[PDB]
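Trainee:
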Ligand SMILES: CS(=O)(=O)c1cccc(C(=O)NC[C@@H]2CCCN2C(=O)C[C@H](N)Cc2cccc(Cl)c2)c1
Ligand SMILES: CS(=O)(=O)c1cccc(C(=O)NC[C@@H]2CCCN2C(=O)C[C@H](N)Cc2cccc(Cl)c2)c1
Ligand SMILES: *[C@@H]1O[C@H](CO)[C@@H](O)[C@H](O)[C@H]1NC(C)=O
Ligand SMILES: *[C@@H]1O[C@H](CO)[C@@H](O)[C@H](O)[C@H]1NC(C)=O
Ligand SMILES: *[C@@H]1O[C@H](CO)[C@@H](O)[C@H](O)[C@H]1NC(C)=O
Ligand SMILES: *[C@@H]1O[C@H](CO)[C@@H](O)[C@H](O)[C@H]1NC(C)=O
Ligand SMILES: *[C@@H]1O[C@H](CO)[C@@H](O)[C@H](O)[C@H]1NC(C)=O
Ligand SMILES: *[C@@H]1O[C@H](CO)[C@@H](O)[C@H](O)[C@H]1NC(C)=O
Ligand SMILES: *[C@H]1O[C@H](CO)[C@@H](O)[C@H](O)[C@H]1NC(C)=O
Ligand SMILES: *[C@H]1O[C@H](CO)[C@@H](O)[C@H](O)[C@H]1NC(C)=O
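Have a look at this one:
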């Protein structure tokens, strides 16, 4: 008998996973922060030296939050006064420090309250955003150039995304795209004039006499959407006498015919951009290829180069149409696309020509394209052993598509079943990283022969640390439902005895393209529930789930809140018939989309579940945002899909909550799933006479991720599950 | 053997108190609604006539909420389309019904969305406020004259109170005061231009996509207040050709020197109004007498006539300076004033003479002057048997002040110890209203020889019904605290065995001038908690409580959240020492001020309470409204009382909540004690890692009085207390 993995261990971070975060700066070199010094490494030989000592900024006088070194290694960007906005957005103060003359820059500094900064991908050019306007510096010590004058808070965004495009489209605040040369700056402009605003209260510190009101431009399903415009600046033709001239590239004629989004920007060469556009009805997309006319100074998008991506079964792309990956000369590219059978695979496109050629096939899916050389394409997929929750790096010979080599499958087959990768420029070297089912492993490889050079980080210290803990095990398997294989995991208590009966918590998310049953090693709340409290934490991947074909993923099209809910219950039904699960003690919990499913399941009247927790749930799809909702639900009108918008609320199931113990939790400053959603749920339960448990977390957003609130929510939830399960 | 008083019985109102609401229309007649028919009654002989049948208004098209007949019995106002605003404020539609014509007047109607309406005290003149402006109708079928033109929503208020004035000062929406003749119309005007707005979300029906933001001008402790003006209109000189000319009465010079309030308006005779003003520091009150002039058509407020009312131990009045009761000629008046020994008694003022004379004295207080003739003044007081929580009607011979008759003491000593009264015009007849400790009893009397005429309602249908149920009993007594007497009450379970041990709930309000120990009979939550649950529910009036002189009441001056808290702990401590209360199971709950005292108690670390409930609590005095807070705390500035503003918050006691089980409950649409207050408590508890229980009520205000919310909250609090006491 040794110690168990405690709630305090999870919350206070007793056991930390080591990472190896490297930064490629050429084809054979990367940077890596050892302790606090920045060291430069040589990939081929493994030797290293100091780039920057831990003590270079001892008398800097600001809490340094992050850094970015310019491509040529001449300058360092320092980031302080970090203030978070949304998921990816923030403002900060910046400073530039010259690395050849060991001093700070004091002339013409970057402003306080900068929204976004980026180096040109070669050299030391700078682009930044301040008060919704784009500025450019050629030299760090020289005056910046004003590119746009239209910027205005909460209305016009130049070079930065608005709320919905940050969250749902680009997963970034940035709307800036340097050409590989650095010559051009491509950027987007967003117009949020007619976009309705979400208003909620923010209470701030005690000293604040009256509560503040937060106003965010946020389009709920069906409302008016932000418009978009695309521009390109020639940065080499900038002067301080004349104002900057930007060239506008307009959307294809088949997009201008209605409401539409800009969903992708990928530069092909020094003189060619690829843009993908999406129709407001997200089942139709057009890739447009645009070339720079040297003589005119203009950009042309020839109709001959237009490529359509469509779906008759659902929406385009997993969450959006995939990125292209161009060959060097920019005359051809590779792209993941759904094939005839609905499985996602690499297609070979030729710029001027029709159709495409699939270079992979099979009842599995390519997860991403990672690297391109003249001889090989490198991609991550889930082929190995027909395991959709597994991931390995593969490589295809471009002169013969039949020659496909797995590069990560047989390296550590017992510890490593889930990889990602980071390739150097020109793809000479790659860092492989596995994240389960054992402890994370970081290694360096070489593209010439795929020789394994170095172990970078093996989490050895953590190994010996957890050997003294009563750690839980993970079980990955599948069940049959209507002749189809659906996968689940269970987090299993230590000294698991199949002849004893354990209570079961169902961990749910089950949104479109989700995956909750995989091979990743996690140290979480579920880790504690299994190790200390001896509760089996199960997870299931039903209809609407990802990486197993459009038949499974598109089952939920226009029908959210149906099959993903039904299959959760059928999974719990099958788990309950198993000999080691106590059918008197089954619970369900979920966050975000998972809190919506949880509540739907609890209000279903199935009788399978004793209790459940829903954290920051969606309640009614008309409350959530346009880009996410409409992807799967259409418009909420009589002509379109109003009937199922109204069939699928938590509120309409209120009466069935009499049969269960319910815990509802929401942060009051939640800008994503607004408090409104839970507020509406509770009203319907109160109006119908159902007793339940509530918890609001004031000033917390969707993550509820302030250290104190984080600790408080998991503590509150732990007490609820233990009392639900008659555990002292 | 019998059934018990259940939660259902309370929540669903199974056992109902019968009432007798009457309206004196003359010196010998009253109106009364008997089975939806309005009847007129003769007081002396008891006969009746039907004024208006239930069948009339069968084809009206709208549900009638209220009615208001002319003083001359010629017209009836019909209130419909009722929409509640705050405690007293509301908006409605009105239809006039001509009686001699037996038809509704069809033109020149009172508009929809009318804010306030009144008849004149005699005749059928009408005054109404619509859109914040006053209008007057001389005849019901005639066009209305516009009186004010400056009314603007949330900014200028003519004839109606804004938020603070409605809640704290007048306890009315009306700021309209008719002359007894009906000649003059006096009104106030409020200017909220500079008053900060409190904003909170309103979610509405599930069909509302975007939440509504509610904005109310609400001055918090130390913020800018409304300014006020007083005007008087001559209703008899109104013209079609010219606008009405109002005459202004300016506040006294001692009030105009700083921030002040209008606190009282009382017409003395047909040509005399008395006003009372109050300094913002509610230490200093002035009464002003104003005479009309036949020639100039002006008013005069002679400085020699001004009476000043001060306090050095605290504030003036119980909540505001008390109203004057004038004699018929209006040359003299009577007013409840705090005496030299701290006890509130009646004072006789003569208009041209400087000082007043005390008519009553002793260690008790007058509750209210009720009626006046040439021969007698009638008042309610708590003198009888020395019980402060008892209420009785008394009679003072004006020629001999020592001749004081109790009129209600002996009517039924076992059943009746708490009286209120309603007097006919010229006090020819009075209705007495008994409230406890037995069942309520409504009687009619003649003033001539104080003869009992008739029993109007005796609630014997409730009495037969209550014989079938296991009813709890009340205990009214005192305990000793630092050599002074302090009163408490206990609701004790049926078949109370003093050798047994019972869990105890401390029911607290403890606001300045509160009384929670009295003789009245109540059917409430406590009734059910004793009868079914066998919980002793106790209440206690410590320092700061009313009706026992200024020594006890002003003990809390400038120091809210100190002595009223300690005395609740000390009382509870003494309650435990008793052999029938179990010291391991003591709870505390409160609403409003009571939630705050509860919160302060649980965070005191006294270790006397196991658990508690706070419902819509204050948490910091800066969050509450100026008029109320500043009355007892002064201003929150360094120069004044900021020290004890900061010392007396719930938030600073957060750590101590580790020892107790806490339950926090607030309505989201609380315009009175803003959700902000609870929101700050919860955050503080999280900030130091204290687990606790929470509940929000969507769209509920301070009352949480919607049928389903009412049922839900009490159901929820029952479950929290049952489990705290190990009660199955
Ligand atoms: C189970 S899982 O581990 O597979 C899992 C869980 C959570 C998210 C993902 C995911 O793939 N995200 C990526 C995609 C594309 C870019 C942005 N994005 C979103 O999904 C953003 C949505 N607005 C998220 C969201 C937030 C609040 C309410 C809802 Cl209903 C949805 C996967
Ligand atoms: C225990 S008790 O039975 O003695 C008891 C309990 C509650 C109220 C009273 C009372 O006398 N009310 C009348 C007085 C005068 C006019 C208005 N008024 C107020 O008190 C208005 C305040 N805004 C009420 C309030 C609301 C929210 C928070 C606080 Cl701290 C205070 C008595
Ligand atoms: C590695 O060693 C070689 C040979 O001495 C040297 O030239 C190179 O700069 C070194 N690189 C690093 C990153 O230390
Ligand atoms: C940012 O604000 C700081 C502190 O007020 C000030 O020293 C500095 O001048 C500001 N930065 C710039 C470059 O304007
Ligand atoms: C933003 O959009 C509105 C129309 O919704 C338009 O009037 C305005 O000019 C636009 N602003 C810019 C700079 O495009
Ligand atoms: C009571 O009866 C008397 C005598 O007939 C009558 O004059 C009076 O109007 C009656 N009062 C009422 C209100 O019916
Ligand atoms: C008042 O409102 C009613 C709705 O019941 C409407 O029919 C009427 O025209 C309005 N105006 C009047 C007559 O005051
Ligand atoms: C209300 O007060 C403001 C100053 O706060 C003043 O300018 C305005 O004229 C006033 N309005 C009226 C009609 O009293
Ligand atoms: C530069 O041009 C923009 C509009 O394109 C204008 O707002 C700005 O004033 C110009 N600067 C000057 C004066 O050259
Ligand atoms: C109206 O009065 C009649 C006769 O007195 C009575 O029976 C009936 O219950 C009343 N109806 C209503 C609507 O109260």
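Residue numbers (the numbering used here), protein chains in the order written: chain P, 1 to 728; chain W, 1001 to 1728. Cβ coordinates follow ideal geometry from the N, Cα and C atoms, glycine included.
(1) Return helix, strand or coil for residue 724 of chain P, following the three-state DSSP convention.
(2) If you draw a straight line from the alpha carbon of residue 224 of chain P to that of residue 30 of chain P, how long is it in whole angstroms?
(3) Could you check which residue in W:1376, W:1436 and W:1467 has the C-alpha nearest to that of residue 1449 of chain W?
(4) Would residue 277 of chain P pass as a contact of residue 288 of chain P if the rule is Cβ separation under 8 Å?
(5) Run through DSSP, which three-state label would residue 92 of chain P get?
(6) Please list, in chain order, all residues of the same chain as residue 189 of chain P whose beta carbon is under 6 Å from its beta carbon, the five residues on each side excluded.
(7) Using the Cα positions of residue 217 of chain P and residue 163 of chain P, report the straight-line distance between them to the nearest angstrom.
(8) Across the segment 1563 to 1572 of chain W and the segment 1505 to 1524 of chain W, are there enough close Cβ pairs to call them in contact, namely three or more that are closer than 8 Å?
(9) When burial is assigned at 16 or more other CB atoms within 10 Å of the CB, is residue 1340 of chain W buried or exposed?
(10) Can a CB atom of chain W be found closer than 8 Å to the CB of residue 731 of chain P?
(11) Which residues does DSSP list as the beta-bridge partners of residue 589 of chain P?
(12) Would you say the beta carbon of residue 132 of chain P comes nearer than 7 Å to a heavy atom of ligand 9?
(13) Using a Cβ-Cβ cut-off of 8 Å, state whether residue 1220 of chain W counts as contacting chain P.
(14) Below 9 Å on C-beta distance, what does residue 722 of chain P contact in chain W?
(15) Taking residue 1525 of chain W as part of the alpha helix (DSSP H), name the residues at either end of that continuous run.
(16) Measuring only between beta-carbons, confirm whether residue 1280 of chain W sits less than 8 Å from chain P.
(17) Assuming the contact rule is C-beta atoms closer than 8 Å, residue 78 of chain P and residue 94 of chain P should be a hit. Round their C-beta distance to whole Å, please.
(18) Taking the CB atoms as reference points, tell me whether residue 235 of chain P and residue 150 of chain P lie closer together than 8 Å.
(19) I need the straight-line Cα distance from residue 1496 of chain W to residue 1553 of chain W, nearest angstrom please.
(20) Using a Cβ-based criterion (distance less than 7 Å to any ligand heavy atom), does residue 243 of chain P qualify as near ligand 9?
(21) Would residue 1617 of chain W and residue 1596 of chain W qualify as a contact pair, given that the criterion is a beta-carbon distance under 8 Å?
(22) At what residue ranges does the segment 1312 to 1364 of chain W contain a whole run of the alpha helix (DSSP H), taking only runs of 4 or more?
(23) Go through its chain and collect everything with a Cβ distance to residue 1032 of chain W's Cβ below 7 Å, but skip five positions before and after it.
(24) Could you run through the segment 1187 to 1220 of chain W and flag, in chain order, every residue whose CB is less than 7 Å away from some CB of chain P?
(25) How is the alpha helix (DSSP H) around residue 1647 of chain W delimited, first residue to last?
(26) For a minimum of 4 consecutive residues, which ranges assigned as the alpha helix (DSSP H) are wholly contained in the segment 1200 to 1253 of chain W?
(27) Rounded C-beta distance between residue 1473 of chain W and residue 1515 of chain W? I'm assuming under 8 Å.
(28) I'd like to know if the segment 399 to 413 of chain P and the segment 520 to 534 of chain P are in contact, where contact means that at least 3 CB-CB pairs between them fall below 8 Å.
(29) Considering only residues of the same chain and omitting the five flanking positions on each side of residue 694 of chain P, which have a CB-CB separation below 6 Å?
(30) Select from the segment 503 to 535 of chain P all residues with a C-beta closer than 7 Å to any C-beta belonging to chain W, and list them in chain order.
(31) Can a CB atom of chain P be found closer than 8 Å to the CB of residue 1682 of chain W?
(32) What would DSSP say about residue 1711 of chain W, mapped onto helix, strand or coil?
(33) Note down, in chain order, each residue of its chain lying with its Cβ closer than 6 Å to the Cβ of residue 1320 of chain W, except the 5 sequence neighbours on either side.
(34) Where do the N-terminal and C-terminal ends of the alpha helix (DSSP H) with residue 676 of chain P fall, by residue?
(35) Looking only at its chain, what residues have a beta carbon closer than 7 Å to the beta carbon of residue 1409 of chain W, apart from the 5 residues adjacent to it on each side?
(36) What are the partner residues of residue 1485 of chain W, as DSSP defines its beta bridges?
Mentor: Taking the definition as stated:
(1) It is helical.
(2) Between residue 224 of chain P and residue 30 of chain P, the C-alpha separation is close to 46 Å.
(3) Scanning W:1376, W:1436 and W:1467 for the CA closest to the CA of residue 1449 of chain W turns up W:1376.
(4) Yes, they are a contact pair.
(5) Secondary structure at residue 92 of chain P: strand, using DSSP grouped into helix, strand and coil.
(6) Answer for residue 189 of chain P: 158 and 229, listed in chain order.
(7) Going by the C-alpha atoms only, they are around 7 Å apart.
(8) Contact between the segment 1563 to 1572 of chain W and the segment 1505 to 1524 of chain W is present: three or more C-beta pairs spanning the two stretches fall below 8 Å.
(9) Classification for residue 1340 of chain W: exposed.
(10) Residue 731 of chain P lies beyond the stretch modelled for chain P, which goes from 1 to 728, so this question has no answer here.
(11) In the DSSP assignment, residue 589 of chain P is bridged to P:507 and P:613.
(12) Because no heavy atom of ligand 9 lies under 7 Å away, the Cβ of residue 132 of chain P does not count as near it: no.
(13) Interface residue (Cβ-Cβ distance to chain P less than 8 Å): residue 1220 of chain W is classified as such.
(14) Ordered by position in chain W, no residue passes the 9 Å Cβ test against residue 722 of chain P, which lies about 12 Å from the chain.
(15) Element bounds for residue 1525 of chain W: 1525 to 1531.
(16) Judged by the 8 Å Cβ criterion, residue 1280 of chain W is not in contact with chain P.
(17) About 7 Å separates the Cβ atoms of residue 78 of chain P and residue 94 of chain P, confirming a contact at the 8 Å cut-off.
(18) Not closer than 8 Å, so no.
(19) Distance between the alpha carbons of residue 1496 of chain W and residue 1553 of chain W: 34 Å.
(20) Residue 243 of chain P Cβ: within cutoff of ligand 9.
(21) Contact check for residue 1617 of chain W against residue 1596 of chain W passes: the beta carbons are separated by less than 8 Å.
(22) Entirely contained in the segment 1312 to 1364 of chain W, not one alpha helix (DSSP H) run reaches 4 residues.
(23) Excluding the 5 residues flanking it on each side, residue 1032 of chain W has same chain C-beta neighbours closer than 7 Å at 1022, 1039 and 1041, in chain order.
(24) If the cut-off is 7 Å between Cβ atoms, the segment 1187 to 1220 of chain W has 1196, 1198, 1199, 1200, 1201, 1203, 1206, 1209, 1210, 1211, 1213 and 1220 near chain P.
(25) Looking at the DSSP string, the run of the alpha helix (DSSP H) that includes residue 1647 of chain W is 1642 to 1647.
(26) Counting only runs of 4+ residues, no alpha helix (DSSP H) is found wholly inside the segment 1200 to 1253 of chain W.
(27) Contact doesn't hold; Cβ gap of about 20 Å is too wide.
(28) Using a Cβ-Cβ distance cut-off of 8 Å, the segment 399 to 413 of chain P and the segment 520 to 534 of chain P are not in contact, since fewer than three pairs of beta carbons, one from each stretch, lie closer than that value.
(29) Cβ contact annotation for residue 694 of chain P (same chain, cutoff 6 Å, sequence separation greater than five): 664, in chain order.
(30) Flagged: no residues at all.
(31) Chain P, which has a Cβ nearer than 8 Å to the Cβ of residue 1682 of chain W, makes this yes.
(32) Helix, per DSSP.
(33) Excluding residues up to 5 positions away in sequence, 1263 lie with their Cβ nearer than 6 Å to the Cβ of residue 1320 of chain W in the same chain.
(34) Its alpha helix (DSSP H) spans residues 675 to 688.
(35) Excluding positions up to five away in sequence, the list reads 1384 and 1392.
(36) BP columns for residue 1485 of chain W point to W:1480.
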